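Structure, as structure tokens:
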Number of protein chains: 4
Amino acid sequence: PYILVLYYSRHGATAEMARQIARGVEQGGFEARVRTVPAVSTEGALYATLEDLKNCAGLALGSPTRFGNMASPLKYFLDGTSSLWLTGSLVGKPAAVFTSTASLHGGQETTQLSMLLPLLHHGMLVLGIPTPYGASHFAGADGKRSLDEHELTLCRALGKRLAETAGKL
Amino acid sequence: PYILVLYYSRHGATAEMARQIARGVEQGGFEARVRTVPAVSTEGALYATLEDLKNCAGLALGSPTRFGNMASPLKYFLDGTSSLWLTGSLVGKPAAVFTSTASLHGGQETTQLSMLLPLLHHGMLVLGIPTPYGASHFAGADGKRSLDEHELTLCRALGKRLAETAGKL
Amino acid sequence: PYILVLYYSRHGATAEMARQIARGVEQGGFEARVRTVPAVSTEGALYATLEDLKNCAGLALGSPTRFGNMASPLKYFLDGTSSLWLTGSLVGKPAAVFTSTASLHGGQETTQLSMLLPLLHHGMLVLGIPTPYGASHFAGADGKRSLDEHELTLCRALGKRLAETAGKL
Amino acid sequence: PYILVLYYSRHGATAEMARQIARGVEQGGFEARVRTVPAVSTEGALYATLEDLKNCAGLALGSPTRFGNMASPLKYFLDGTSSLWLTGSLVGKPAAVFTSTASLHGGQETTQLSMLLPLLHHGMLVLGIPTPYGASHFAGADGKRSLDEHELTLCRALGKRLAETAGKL
């Protein structure tokens, strides 16, 4: 009976968003299981496992926007979920996304969008904020800037909405 | 207690897909209300109304792929739904998409994708087929080619899944 | 030897962006031919023609964001360009997009994105701003708010870049 | 005076597509520099370097479709190109994409699409096939199935078109 809040964070912006979403989830009648993934190479929160994904009632996926796509260490953990898609899990379970960007120009909607693609592959029901595809944060080219009362509200709103939908389902 | 199957059709390909989805919906424990929209200019099934959208338990949206986007007469009917977004309806209700293309090259996924965008704006919960974003049909450059046993299965599957989710919700 | 700046405007926000882009185009060594399209129904700048599109050296496409997609009257004019895609024109010619939104939440990137899809169908070379997919404007829920020195800079930058690329090509 | 054909391959499908594109590039008046990237973890062609990307006249990017996104080892190599975006390179240079999928359902257009996002971030001019966003290959759930005369034609066509555009630029 938990929503998995699964994310990756480089300079900790996506990490705080994760926590707030978790609060939302709790407010929504569910236990938040907040997890991350390890760095990758060719040469914090606890690390997520396949079984974490297999057993969640629903999922919130987070990454910093990295050139319009999700961060590779997260992509790496998902690339290792064939089994779960093949036996058709995550199917039926609700999901949402969230992102952080260190950039004025843009790139969050599209990244949120690119992260809903796989969830729709795993056959999940995707929901947003009524950005509209998911919770977003501007971090400022310092990576420094902190959430606002507004961004905090949106994170919990989404977390709460995700949990309530898993409930209603 | 009905799923609105809302679509536009030029040469009737999307129209047959609509019907099959409707069958799915019935199989799924719901009444299908199948509707279309009128042609637009500067100079079949019954026509949809705003109240049709306001009162549905859930929604299936269909168009032929027209240069990677949905057909304008459909876009025109949606552009007239501000009121519904403003008072935040459709929110919470499930939705799916479907498309027809007269083309080898491609363009269906992207069009399905571009049609899920607005549903996520109106705050809906979007579901696919576990293409993966929605039911698709190749019509062949004649516009002629008919559904297969396979494409028919997918249409009802989606319709049934949409209705069952509205149910579970 | 002209770049077609083709757009639709409801409350004139996209219209001013069009003009500025046109200035950019001129700065870039090209004549701007600024055109719009007429309203559509079931029951300003000059109107664009098919031949306007056939003969341009390059293209800038503009719309207000309407539920994550381009405005229907524009979609309607493009839907009438089969001939041009079929005989494979626009192919090789550069193109860019621009948008206006009356909304805080979001929706511009995705709309810009959904408008680059067709250009890639017609086989065009698409370029952005080095949002990153094209020039954007927040209009404020009044539709009232005017361009900034910043948004103005971006519009001409894009127009200038589009024209220069058509040049280099 | 070379087009960088940059790709990742798991079971060698994207690898053959790379080679064919390279042939295209040669036919188009350019030297193909075909490169890949190493596997990533938490615990063939030569490997690409940052300087390979810095000095190309243009770029073709390839991956297998991995849940609607590009493969993580490729994403990892791109995530290490901040410097190049920051000093605004790749800007002005043409680019294309290509993909392989082991799947009936779908996912190639969207993945091609998700790979054009970053290229548009790095400020590149993106071109397709006049799928329409780039060259695609069905590998069959064996990963086994080989290119067709048709898919081969498309790969070289794209490679040739990419090189010719870099030429014209």
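Each chain in the structure tokens gets a letter, A, B and so on, in the order shown; residues start at 1 in every chain, and ligands are counted from 1 in the order they appear.
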Inset, instruction - Could you list the residues in chain A lying within 8 Å of chain C, using only C-alpha atoms, and format the result as an NGL selection string? - result: :A and (105-107 or 109-110 or 131-132)
Inset, instruction - Give the helix (DSSP H, G or I) residues of region 29-82 of chain B, as assigned by DSSP on the backbone, as number ranges by chain. - result: B: 50-55, 72-79, 82
Inset, instruction - Check the smallest atom-to-atom distance from each of A:164, A:102, A:4, A:155 to residue 143 (chain A) using only C-alpha atoms, then report the winner. - result: A:102
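Those residues of region 55-149 of chain A that DSSP, working from the backbone, places in strand (DSSP E or B) are residues 58, 59, 60, 61, 62, 63, 64, 66, 69, 94, 95, 96, 97, 98, 99, 100, 101, 125, 126, 134, 135, 136, 137 and 138 of chain A.
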Inset, instruction - Figure out the distance between CA of residue 94 (chain D) and CA of residue 12 (chain D), please, to one decimal in Å. - result: 25.3 Å
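What separates CA of residue 53 (chain D) from CA of residue 43 (chain A) is a distance of 20.4 Å.
Going from CA of residue 124 (chain D) over to CA of residue 91 (chain D), you cover 4.9 Å.
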Legend entry - Long-range neighbours of residue 32 (chain D) as a ChimeraX atom specification, 12 Å cut-off, only C-alpha atoms, 6 positions minimum in chain: /D:1-6,18-26,52,56-60,156,159-160,162-163
Inset, instruction - For region 165-169 of chain B, work out the shell of residues within 9 Å, counting only C-alpha atoms and skipping chain neighbours fewer than 6 positions away, then give it as a PyMOL selection string. - result: (chain A and resi 92+165+168-169) or (chain B and resi 3+28-30+57-58+92-95+127)
Go ahead and write the residues just picked, C-alpha atoms, as an mmCIF file, in the first residue's frame.
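This is the output file part_18.cif:
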data_model
loop_
_atom_site.group_PDB
_atom_site.id
_atom_site.type_symbol
_atom_site.label_atom_id
_atom_site.label_comp_id
_atom_site.auth_asym_id
_atom_site.auth_seq_id
_atom_site.Cartn_x
_atom_site.Cartn_y
_atom_site.Cartn_z
ATOM 1 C CA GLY A 92 -3.326 -0.452 -14.387
ATOM 2 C CA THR A 165 -6.237 7.833 -7.769
ATOM 3 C CA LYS A 168 -9.980 5.093 -6.133
ATOM 4 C CA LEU A 169 -8.471 2.337 -8.310
ATOM 5 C CA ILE B 3 -18.160 6.738 -22.367
ATOM 6 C CA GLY B 28 -16.639 -3.069 -20.256
ATOM 7 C CA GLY B 29 -19.892 -2.334 -18.403
ATOM 8 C CA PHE B 30 -20.704 1.049 -19.963
ATOM 9 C CA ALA B 57 -17.722 9.117 -17.394
ATOM 10 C CA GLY B 58 -14.685 8.946 -19.742
ATOM 11 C CA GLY B 92 -10.409 12.769 -12.991
ATOM 12 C CA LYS B 93 -12.111 11.053 -15.916
ATOM 13 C CA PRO B 94 -10.191 8.447 -17.975
ATOM 14 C CA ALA B 95 -9.366 8.906 -21.662
ATOM 15 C CA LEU B 127 -4.445 5.141 -20.704
#
Legend entry - Proximity to residue 117 (chain B) - best of C:70, C:45, C:50, C:34, only C-alpha atoms: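 Closest candidate: C:70.
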